[PDB]
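Below is one structure; the comments refer to it alone.
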Amino acid sequence: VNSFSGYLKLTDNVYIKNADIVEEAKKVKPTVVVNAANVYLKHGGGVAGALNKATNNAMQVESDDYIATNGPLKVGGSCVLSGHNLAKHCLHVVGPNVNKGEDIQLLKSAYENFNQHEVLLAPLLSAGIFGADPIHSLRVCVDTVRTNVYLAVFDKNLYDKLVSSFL
Ligand SMILES: *c1cc(C(C)(C)C)cc(O)c1O
């Protein structure tokens, strides 16, 4: 049993809810919250900007130190850092950004990072301002992630479309 409430069960291991991931993290304090990161860990907008704002910029300060030491992530790669006030850990995962012309085949590689964690609160990778089709992102998630993933979908209209169209 875990603390996640109000989710619709899509598969054995994938659950979905219309929720603000920031507000969900603050309530649950999951072991792992996933950030929709870029390779520079520049948390300007989208899910990353919202998560970072909720940490009072402490996520960005920590991220800048990481990049200064390690250099940029790979597209499809991830980095576990602090979860600050939101979670124990934040798994920063880089999905391909279609609005930068990145290979959508890298979305499966991105989701494979989730398999290193038994339970996660996450957004749909490469959705929103990363430009991919969220229906596609949900299909790759279900077909890739084997650990237990609780997906937060901010937009109610999109949530209802994801559920209604789910095979
Ligand atoms: C973030 C990222 C990484 C790798 C997997 C080396 C990119 C390591 C690490 O300790 C971290 O915090």
Side-chain angles (χ1 to χ4, degrees), residues 1-26 28-38 41 43-60 62-63 76-95 107-166:
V1 175
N2 66 49
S3 160
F4 289 105
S5 177
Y7 288 71
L8 175 70
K9 180 172 181 58
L10 293 175
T11 69
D12 181 60
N13 67 296
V14 178
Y15 294 78
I16 194 166
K17 184 185 179 174
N18 174 220
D20 179 349
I21 195 172
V22 171
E23 288 312 312
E24 191 76 2
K26 279 199 288 191
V28 175
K29 288 290 235 91
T31 305
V32 181
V33 65
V34 174
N35 181 33
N38 59 53
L41 303 178
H43 309 305
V47 166
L51 292 170
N52 174 60
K53 179 179 176 185
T55 77
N56 180 46
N57 211 50
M59 178 181 284
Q60 190 65 65
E62 178 194 32
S63 293
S78 71
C79 177
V80 174
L81 291 173
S82 181
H84 300 279
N85 56 315
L86 303 179
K88 185 174 197 288
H89 304 288
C90 180
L91 181 70
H92 294 272
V93 180
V94 185
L107 186 53
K108 187 171 183 77
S109 300
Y111 273 116
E112 288 169 341
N113 296 285
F114 289 25
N115 289 320
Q116 300 295 318
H117 302 278
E118 288 193 353
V119 184
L120 314 88
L121 170 63
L124 285 167
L125 299 179
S126 298
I129 70 175
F130 282 61
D133 174 6
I135 295 172
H136 176 65
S137 182
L138 179 55
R139 183 32 61 189
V140 177
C141 181
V142 160
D143 292 345
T144 308
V145 180
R146 297 177 300 284
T147 57
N148 292 322
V149 57
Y150 288 87
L151 294 169
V153 177
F154 183 55
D155 191 79
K156 172 59 167 153
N157 180 294
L158 174 60
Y159 171 83
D160 286 348
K161 181 171 140 122
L162 285 168
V163 168
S164 291
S165 59
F166 183 71

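Residue numbers count from 1 along this sequence.
Residue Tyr7 holds its OH atom at 9.0 Å from CG of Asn2, rounded to the nearest 0.5 Å. With rounding to the nearest 0.5 angstrom, the OG atom of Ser63 is 9.5 Å from the CG atom of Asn57. To the nearest 0.5 Å, the span separating NE2 on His84 from CG on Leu51 amounts to 10.5 Å. Taken to the nearest 0.5 Å, the CG atom of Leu86 stands 6.0 Å off from the CE atom of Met59. Atom OG1 of residue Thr144 and atom CZ of residue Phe114 lie 10.0 Å apart, to the nearest 0.5 angstrom. Atoms CD and CG, on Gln116 and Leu91 in that order, are 9.5 Å from each other to the nearest 0.5 Å.
Side chain of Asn115 to main chain of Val145: no donor-acceptor pair is present (N/O by atom type, distance under 3.5 Å, no hydrogens or angles). Looking only at distances, a side-chain donor or acceptor of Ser137 sits under 3.5 Å from a matching main-chain atom of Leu125. In this structure, the side chain of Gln60 does not engage the main chain of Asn52 through any donor-acceptor pair within 3.5 Å. Side-chain N or O atoms of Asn85 include none that pairs as donor or acceptor with a backbone N or O of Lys26 at under 3.5 Å. For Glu62 (side chain) and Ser82 (main-chain N/O), a donor-acceptor pair under 3.5 Å exists by modelled atom type. Here the side chain of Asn38 pairs no donor or acceptor atom with the backbone of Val94 at under 3.5 angstrom. Checking side-chain atoms of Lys17 against main-chain N and O of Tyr150 turns up no donor-acceptor pair under 3.5 Å. Within the 3.5 Å criterion, the main-chain N or O of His117 finds a donor-acceptor partner in the side chain of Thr147.
When all heavy atoms of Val32 and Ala87 are compared, the closest pair comes out as C-CB, 4.4 Å. Residues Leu151 and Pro123 come closest through the heavy atom pair CD2-O, 3.9 Å. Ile21 approaches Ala122 most closely through the heavy-atom pair CD1-C, 3.7 Å. Heavy-atom minimum distance, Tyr159 versus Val153: N-CG1, 3.8 Å. Considering all non-hydrogen atoms of both residues, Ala19 and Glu24 come closest at CB-OE1, 4.2 Å. Nearest heavy atoms, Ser78 versus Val93: CB-CG2, 3.7 Å.
Looking only at side-chain heavy atoms (C-beta outward), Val28 and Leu121 stay at 4.5 Å or farther from each other. Residues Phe4 and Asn148 form no side-chain contact, since every pair of their non-hydrogen atoms from C-beta on lies 4.5 Å or further apart.
Remark: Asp143 pairs with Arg139 by the salt bridge (charged side-chain N to carboxylate O under 4.0 Å, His left out) rule, at least two apart or across chains. Taking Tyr15 as the reference, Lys9 meet the side chain to side chain donor-acceptor pair (under 3.5 Å) condition, with sequence neighbours excluded.
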* Show the numbers, then the answer: is there a side-chain contact (heavy atoms from CB on, under 4.5 Å) between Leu162 and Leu158? => CA-CA 6 Å; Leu162 285 168; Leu158 174 60; 3.8 Å; yes
* Asked: Hey, mind stepping through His89 and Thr31 against side-chain contact (heavy atoms from CB on, under 4.5 Å) and telling me if it holds?
  -> CA-CA 6 Å; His89 304 288; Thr31 305; 4.2 Å; yes
* To do: Let me see the working for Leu120 and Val33 under side-chain contact (heavy atoms from CB on, under 4.5 Å), right down to the final yes or no.
  => CA-CA 6 Å; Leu120 314 88; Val33 65; over 6 Å; no
* To do: Show your working on side-chain contact (heavy atoms from CB on, under 4.5 Å) between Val47 and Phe154 and close with a plain yes or no.
  => CA-CA 9 Å; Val47 166; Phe154 183 55; over 6 Å; no
